[PDB]
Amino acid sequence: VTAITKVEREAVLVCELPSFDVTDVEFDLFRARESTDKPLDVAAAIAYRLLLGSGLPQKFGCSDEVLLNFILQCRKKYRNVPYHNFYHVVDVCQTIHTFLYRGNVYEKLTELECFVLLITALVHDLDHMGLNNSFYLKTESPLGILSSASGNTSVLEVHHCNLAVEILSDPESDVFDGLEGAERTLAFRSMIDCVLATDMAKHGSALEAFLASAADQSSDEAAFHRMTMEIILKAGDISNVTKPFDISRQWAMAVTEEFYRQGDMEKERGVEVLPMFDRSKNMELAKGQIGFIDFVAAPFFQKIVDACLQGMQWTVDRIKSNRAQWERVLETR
């Protein structure tokens, strides 16, 4: 990958972020973007700041300069789509920071594991084009065909891991370079395992496996740590409904537009479009959000909080608050 110029780093290093506490659960990335004309640089400074304030990169021999190089190499590989862009993964990074440090999930993991999660947040959607796995498979696209031939349904998640490995193979962006032996191996394996676990087709089984490990005092310890990392990355990924309503809404708008574009490309290729992806049916945002809350997010968050992540209670409270606020949009429509 072409290296990161002295210019690009300074461009990020000057953003001062007046008014913002990046470690806060009520932090607003939409307002951060809008507060300058160089949103990409602001996003990179949020990432950078979050990583330094954690104290983690320094402990694992990752200099300030290598960190920032990695962040900018990730940025370069995110596309200009509505939802799955660099803002999404900075969001996931920031959110996982809050689950670790304000939800006390750090108590369940080593420092190395916390560092790997924060890093993995930034790689976990590399080069997303705004189309899901399903699009690639049922259009018999080249990546679809390659995944089907190699016995793998997680079309995109495999692609994300490949690009992550490229970035890390350059020592000037290898945030794991200061590791050795089993620690370096664990960083790679856990990064890759987490990214593979974000495939939503695996949602139920990854959740069941996490809960089964947590309920069991004789669970293998390495496996529990691993499942917890996976569950946290997944939690960060479906975390939009745990945010202040206005933030949550703006996320739901961006996702909806992305799904609609896929539905338009499906239409053009003469393949099945799902209701949700269909721009014509215009199914209301609010019922969408309530449905997502009822069938996916509330059960997920309630079950992991109950099972062992007690400090993440606020997520369940904010989901309830948001559901009730969507009902008030319905009741007064």
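Heads up, when I say rigid core I mean the largest set of C-alphas that superpose within 1.5 Å between the two forms. Numbers for residues come from their place in the sequence shown, where the first is 1.
Review point. C-alpha RMS from this form in 9 other deposited structures of this protein, rigid core superposed: larger for 262-270 or 275-283?
Key: With the rigid core fitted, 275-283 is the stretch that strays more in 9 other deposited structures of this protein.
Point to revise | Stretch exceeding the other in mean C-alpha B-factor - 321-329, 10-18 | key: Averaging CA B-factors over each stretch, the winner is 10-18.
Practice item. Decide which of the stretches 116-124 and 134-142 has the higher mean C-alpha B-factor, going by the entry. Key: Comparing 134-142 with 116-124, the higher mean C-alpha B-factor belongs to 134-142.
Practice item. Choose from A297, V305, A47, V273 the residue with the greatest Cα B-factor as stated in the PDB record. Key: Largest recorded C-alpha B-factor: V273.
Review point. From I232, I167, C161, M129, can you pick the one with the highest C-alpha B factor in the entry?
Key: Reading the PDB entry, the winner on C-alpha B-factor is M129.
Exercise for review: Quick one: classify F27 as lowest, middle or highest third of the chain based on its Cα B-factor.
Suggested key: According to the entry, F27 has a C-alpha B-factor in the chain's middle third.
Review point. C-alpha B factor of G204, ranked within the chain: lowest, middle or highest third?
Key: As the PDB entry reports it, the C-alpha B-factor of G204 lands in the lowest third of its chain.
Exercise for review: Quick one: classify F277 as lowest, middle or highest third of the chain based on its Cα B-factor.
Suggested key: Highest third of the chain for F277's C-alpha B-factor.
Practice item. Would you check the entry's CA temperature factor for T256 and let me know if it's in the chain's lowest, middle or highest third? Key: According to the entry, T256 has a C-alpha B-factor in the chain's middle third.
Exercise for review: Could you say whether, by C-alpha temperature factor, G263 belongs to the lowest, middle or highest third of its chain?
Suggested key: Answer is highest: the recorded C-alpha B-factor places it there.
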